[PDB]
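In what follows, chains are A, B, ... by sequence order, proteins preceding strands, each numbered from 1.
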Amino acid sequence: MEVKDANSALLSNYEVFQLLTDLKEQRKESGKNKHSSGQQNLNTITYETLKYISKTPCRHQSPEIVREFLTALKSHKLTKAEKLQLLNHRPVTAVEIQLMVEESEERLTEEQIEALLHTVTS
Amino acid sequence: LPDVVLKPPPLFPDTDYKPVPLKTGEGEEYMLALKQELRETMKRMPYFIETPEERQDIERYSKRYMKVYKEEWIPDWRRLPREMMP
Amino acid sequence: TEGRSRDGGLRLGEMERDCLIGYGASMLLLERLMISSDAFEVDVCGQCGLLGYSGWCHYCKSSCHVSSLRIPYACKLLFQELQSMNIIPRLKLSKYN
Amino acid sequence: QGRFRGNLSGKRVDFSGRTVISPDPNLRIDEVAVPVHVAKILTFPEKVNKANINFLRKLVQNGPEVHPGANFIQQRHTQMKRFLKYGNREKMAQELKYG
Amino acid sequence: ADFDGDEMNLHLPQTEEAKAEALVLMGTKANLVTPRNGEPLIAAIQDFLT
Amino acid sequence: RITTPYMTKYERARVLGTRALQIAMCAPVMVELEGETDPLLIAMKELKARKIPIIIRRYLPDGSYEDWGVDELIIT
Amino acid sequence: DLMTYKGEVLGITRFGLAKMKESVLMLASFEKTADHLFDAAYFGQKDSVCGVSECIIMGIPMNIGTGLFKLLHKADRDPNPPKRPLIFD
Amino acid sequence: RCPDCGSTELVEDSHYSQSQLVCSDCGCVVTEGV
Amino acid sequence: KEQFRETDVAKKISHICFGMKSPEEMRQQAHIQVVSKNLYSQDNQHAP
Amino acid sequence: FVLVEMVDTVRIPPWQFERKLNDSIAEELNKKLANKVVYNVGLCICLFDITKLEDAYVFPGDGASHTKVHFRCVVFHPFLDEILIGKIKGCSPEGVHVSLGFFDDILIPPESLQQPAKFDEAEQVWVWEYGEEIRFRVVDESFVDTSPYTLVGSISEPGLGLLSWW
RNA sequence: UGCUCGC
Ligand SMILES: Nc1nc2c(ncn2[C@@H]2O[C@H](COP(=O)(O)OP(=O)(O)OP(=O)(O)O)[C@@H](O)[C@H]2O)c(=O)[nH]1
Ligand SMILES: Nc1ncnc2c1ncn2[C@@H]1O[C@H](COP(=O)(O)OP(=O)(O)OP(=O)(O)O)C[C@H]1O
Ligand SMILES: [Mg+2]
Ligand SMILES: [Zn+2]
């Protein structure tokens, strides 16, 4: 039951949303009585996590959009955590990048923020 | 005949003899202070090799600011055999 | 038990075990001498190799490395008697794979 | 009579009987005749499956008195054994779940 | 055996695997010859030879 | 491929035992039994019909192994 | 061949059996139980379960007989299934 | 009491050299083996 | 919420490592110290 | 959210042999790792994929099918600086009780870093004015069995401004 | 523990 690596690869909320939708549809297409009665925590966690993701703006996303966003942010020398947070949150306001996003000092430059907003809104 | 005991003997039996108090003087205090100074100064010595930290969570811009820097002594490879070169 | 008046069972002697070995029936020998006679489930600690109780090791004062194990009861009695004789058997468990 | 020779290499087991032998040529060489009395005592645990369900139902209905039958029922969910000499055996046979 | 009062034991396996191993390896039809020299032991006896 | 192509009696006994234990635990039948309430008889029928879904993993003493199907082996 | 496989004719007695075999449990079970057990405890000799006698004692299937090989299930499967691609990485 | 039906008709009836305290109503084996 | 712990593992014993125990290990393994030479109580119940 | 590589010995009973092996393996792994927190790993959500699946043995014991399966599963484990958006599912005098939406009621922010108008008078009063943001700080796990929870984490709410809500 | 038996 040992784990090989707990930090193998960070993934955004879109992959989790797609996985939850696929698992939900495969479950509703292959619903089993005894398998469900054995453990009902699976259905609960899946449904509640899917609902939480639906409450977020994580919808209207596609792998092509994620790849375009990554290629756009690769020119800004930002770290993986910053772009991950920007993709998961999808900031529409600048103040979210100004104060909430860490490593603000010497990174905003007061000119790159407009480009970041234009990229995240596209 | 010896009597029976209901409870086991105490884990730390008492003794009527106590340890002699330590020697006093400027010499003992100076040696104590010097031993404390050696304890404090030998851990920061490059000979004190610490356990190499591993499994970094992420890379960050603050890495260069928090990067631990310490001078490393160069062993004399003439006296040391060849098998210990990096 | 031994006798019929004591409602005893028939004994598989050493020569019967030899015959079962010669036949090569490992599962039948296992069922006869372990499953049907003195089967028991003990708790062994994977750290010190000693026998625990109720999923707990009193020696190490922990319960993370304690695991269940099927064993003949006579084998557990032998292990306990050997521990009484200062001949401590330390069992290094491992996965069946 | 030590542990190794008397309790490890050779030990006593249950589900066994001992009886005097008598000749019977009308049986095949791979067959052996067992008395009804010993057959009612030595029991075999059969698992309820989709094949022998209707046979085990009749065996339970017969009970521990008729020779073709059973003596105990162990449920799949709970491991509490049930004696067939007491209780309604028909209700037990009608409630024979797989496993 | 000689049927002059000999008592014999009869064991019932409690496992399907053990039952199958007993029937296959220790079957009467599969052990008609001894492994010592291959001679058949299960054969005709008195009142069958005569 | 270097071992004997004939299926030994020990392999037969173990395969029949495992198949009977599985069938007794509500395993699917592949020979369409006809009133056989004994799992060992069903296992023998599957062996004679060569429909047992079990692959023997013969291990060499050094550590090497090889897989042989029941239908691939020769029965007597 | 068993008596003459170590280069010296070793008998079936306890001495030859000890010189041939290595399993502590079998040596203890055959003869000289206490002496062999105390000697093993002194040497700290770890005894495996490769032999038949220790397999019988510990209640595990012996390596000889039907237990020499292992069985595999011919289940409908697909080794190395297709992996879901990672979009963020 | 019986663990299944809750009855108090627990009788000690030995069945072929097997001591067994069993419920007399539903036949549930309460305890067995001595 | 709930911590994941394994219920049962199919553990198989590999080998038995014989050895000896120090008096400290004997104290650590044991639960109680036996100091009374008698077996039962003086009362008629004869409790240990 | 992050992927974790695990290797598990899954036992499938014989009455599931008609089913596909990979589907039943995934179902069993999901049933075994649902709503559970692995120590020093985090709360696992579900199975992401199955990378390696080797041969399926059958033991001389139970007789079921034992398969060693290598898989990757998604878990919830911040990187000590991640930003989250939760909802206030209660409040205590020593600290508010914020819960990620239907995810886990384990986030306990200490009220010791906001502007000096911080207090909770047991009337569910959040903060005196001048979707709740969260900055995870440290992870912490603990055991359960110690005789014959496990994930709380600390939450920071700095002077973020919050032009939308004070 | 002893002993008489049963092959
Ligand atoms: N003199 C004598 N000694 C006996 C008797 N029964 C047992 N022993 C001794 O006890 C040892 C064997 O004990 P067991 O026969 O196993 O005792 P047990 O039958 O388990 O005793 P219970 O548990 O009371 O049935 C032998 O070494 C004998 O010396 C007896 O009837 N007379
Ligand atoms: N001490 C013993 N050990 C093993 N088997 C024994 C023992 N005593 C009797 N038996 C059993 O009884 C059988 C002995 O019979 P056997 O010696 O062949 O005929 P018999 O007793 O000489 O009869 P006759 O005197 O020839 O009429 C063989 C054996 O299985
Ligand atoms: Mg005779
Ligand atoms: Zn321990």
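Going from atom CG of C:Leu10 over to atom P of K:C7 covers 18 Å, rounded to whole Å. Rounded to whole Å, atom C1' of K:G6 lies 9 Å from atom CG of E:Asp6. In this structure, CD of E:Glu7 is placed 11 Å from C1' of K:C5, rounded to the nearest angstrom. Residue E:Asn9 contributes atom CG, which lies 16 Å from atom P of K:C7 at whole-angstrom precision. Between D:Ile21 atom CD1 and K:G6 atom P there is a gap of 17 Å when expressed in whole angstrom units. Atom CZ of E:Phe3 is separated from atom P of K:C7 by 15 Å (rounded to the nearest Å). C:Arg6 has its CZ atom 12 Å from the P atom of K:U1, to the nearest Å. Residue D:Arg18 contributes atom CZ, which lies 12 Å from atom P of K:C7 at whole-angstrom precision.
Contact record, J:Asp62 with F:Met25: O-SD, 3.7 Å, taken as the closest heavy-atom pair.
Under a 4.0 Å N-O distance rule, the pair G:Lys32/G:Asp39 does not qualify as a salt bridge. Using a cutoff of 4.0 Å between basic side-chain nitrogens and carboxylate oxygens, E:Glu7 and C:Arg4 are not scored as salt-bridged.
Surrounding CD of I:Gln42 are at most 12 heavy atoms belonging to other residues, nucleotides or ligands under 6.0 Å away.
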